[PDB]
Amino acid sequence: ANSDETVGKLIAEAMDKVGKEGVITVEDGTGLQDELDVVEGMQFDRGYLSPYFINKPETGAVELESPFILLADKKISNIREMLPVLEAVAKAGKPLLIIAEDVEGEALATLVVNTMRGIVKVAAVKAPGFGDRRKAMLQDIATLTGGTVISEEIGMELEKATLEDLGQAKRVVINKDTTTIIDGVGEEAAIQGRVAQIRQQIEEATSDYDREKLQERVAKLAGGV
Amino acid sequence: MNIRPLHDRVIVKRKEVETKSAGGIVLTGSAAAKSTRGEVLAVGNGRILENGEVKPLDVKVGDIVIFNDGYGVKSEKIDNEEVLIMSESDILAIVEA
Amino acid sequence: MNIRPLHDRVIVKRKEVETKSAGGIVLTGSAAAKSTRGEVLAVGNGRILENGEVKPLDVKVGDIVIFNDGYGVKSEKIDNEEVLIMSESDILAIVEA
Amino acid sequence: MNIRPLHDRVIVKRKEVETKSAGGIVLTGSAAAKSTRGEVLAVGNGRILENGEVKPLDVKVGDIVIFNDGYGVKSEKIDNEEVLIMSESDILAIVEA
Amino acid sequence: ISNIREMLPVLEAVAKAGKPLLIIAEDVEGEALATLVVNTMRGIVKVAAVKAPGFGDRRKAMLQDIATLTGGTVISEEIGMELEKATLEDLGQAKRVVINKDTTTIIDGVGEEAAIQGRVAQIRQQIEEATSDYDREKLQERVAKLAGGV
Amino acid sequence: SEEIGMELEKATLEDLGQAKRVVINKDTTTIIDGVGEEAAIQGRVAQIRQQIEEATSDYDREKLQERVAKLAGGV
């Protein structure tokens, strides 16, 4: 950095916290002073679907304590698919995080009615990116939570899911831009097997641009960005 | 005086629109479930099909019923409140079991 | 009290959706084979077509049946569980041979 | 127990799809000639049209028949094998001459 | 491959025999692919599915060459072969098959060596007739895949 | 709103707010002195004000400044 001591120590500290797997990035700063922001756990850049879920309006955000997490392929078209899972989760009593590729108006509006009037505590967020890397990252998210990805390819109806088929986390926190999950229930050995799979494909990566995107997936699963 | 069903005709109140707490648990939003269950208000005489002696209708006032929400089934205010008018055959059923 | 079929009407439970292990071997994916086989739950009195003395329906409760998945055939919850409502003539058949 | 035809109903096996050696000579490719010839498997009681005493159907089990491949004619598995279900009137004919 | 509805008797037959299977076709529809995933995942049949190479006449020709190598029959409408009327005698075989996200490779056929050489001789004779040098190279690859290596 | 699941047909007079006076022109609408509770107004002002401190778009930060000003103070 041409004899800039501040830049050198910031990177030494960052490499410290992120770890060897962790990725350090450079962005335009808010102010005159340089800053370093390190996030550990599974963070990704998708916001809350509606502002009605906000149970911390002094933080401007939603926080849910010990939640189940549901991962679904395609669109959530109706509550008509959702019902037995909704009955089961409500009866168990835990809060819930809904991951899917989209949520339809009937589904979103019904979720808002249930949260608002206190029946079930539920947050809903959109899946990250597009195509195959969205599918891959959804499996990585399931490996972290210790859950099952519900999809048509495996032949899993949303209507035939049970509470054994949902992963879990210690805490989840969500903003208008960003989603972050703190400390999975997923088994560490399974996480490392899946990390090893992802890492092996880094060694095969012809596109350097996509190799970086593979580096982020290893970093989110293990270490920090 | 309200107004009275003809031969083969029945008048009923539709029980609910949406059985709102699904399973007894989940409070459903906008689902459009106009209830298939009705309850009998008036019964029009008998059926005068087939020329000879007139047959009494097998439905009666006080009955809880299920009907088809079909083309034949009409709806209008008794006093200020919507109730439904149809044939005995557009009705499917009356409280068994 | 459930609710009861009219004259000429029958109520049945559809046996399966998809007989999932094809031949007894292959585990079929999404095929859409809503079963043609039903089983009788209630039978509505008799047929009151044609003015004179009322005819008993030839179907009975306990029968295993096949029906057409046609326009006339309706479906709704008994308690919380979907069952199908139709005429004796939209039914095709009852357990022979 | 299979399942049994209703009043006015008949069950038949379709003889062939394509009488493959045309004239007895030429081996035809893909022609789509689903055979007009069937053979009777079960016969449903009699015809209960028109109120009074029930008429026996004029078809019987063992008959070789021709039918219309029309809208009324349905097809489904007996055991694992497709057979066809229809009315006496969607049947055209039984082995003369 | 439009449906599993075509596939059934072959699927019953192969599963009953017990061997793993490789499906070659020009495409596989969602119902067919999803059903295959359910069967493999839950252990009923061990099956891999791959797409046919290139396009048009050279795809058809290379599929015959692949059949000659495996000692199998190409099922087509032109020969008048329904998929529903195929049997286990009408499938070729190999010692091993290996498949990647990009590339498919087959190790050591059951096809008879004399039949392979007759088919190689046919392909080789068309090299001697090849006006397009670009397509002559593509004929050279087909001879090389059948006999020798690339 | 539909999101809260409130039919217009199921509203009552408890579900309507009130003001001391309202005045309206061909261009402009103005409301004089609400019935809304001052503490609730300040909680909502505090929410809006906190999002000013987060405002990347300076153009939209001005629009946040107008919303705080209309609720409390004047333009």
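By letter and in written order, the chains are A, B, C, D, E and F; residue numbering begins at 1 in each of them.
As a working rule, a residue touches a chain if its C-beta (ideal position, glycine included) is under 8 Å from a C-beta of that chain, and two chains touch if they have at least 3 such contacts.
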Pair exhibiting more inter-chain C-beta contacts, A-E or C-E: C-E
From chain B, the most remote chain by mean C-alpha position: E
Rounded Å distance between chain A and chain F, as computed from the means of their C-alpha atoms: 34
Chain centre separation in whole Å, for chain F relative to chain E (CA means): 69
Whole-Å gap separating chain A and chain C, where each centre is the average of the chain's CA atoms: 47
Chain A-chain D separation of Cα centroids, rounded to whole Å: 60
Interface hub residues of chain D, defined as touching at least two other chains: none
Where chain F touches two or more other chains, by residue: 2, 5
Residue ranges of chain E touching chain D (in the complex, touch as defined): 77, 80
Partner chain A, residues of chain E touching it in the complex: 33-34, 37-38, 41
Touch list for chain D against partner chain E, complex: 29-30
Contacting residues of chain B [partner chain C, same complex]: 23, 36-37, 49-52, 55, 58, 64-66, 68, 88-89, 91-97
Residue ranges of chain C touching chain E (in the complex, touch as defined): 22-23, 25-31
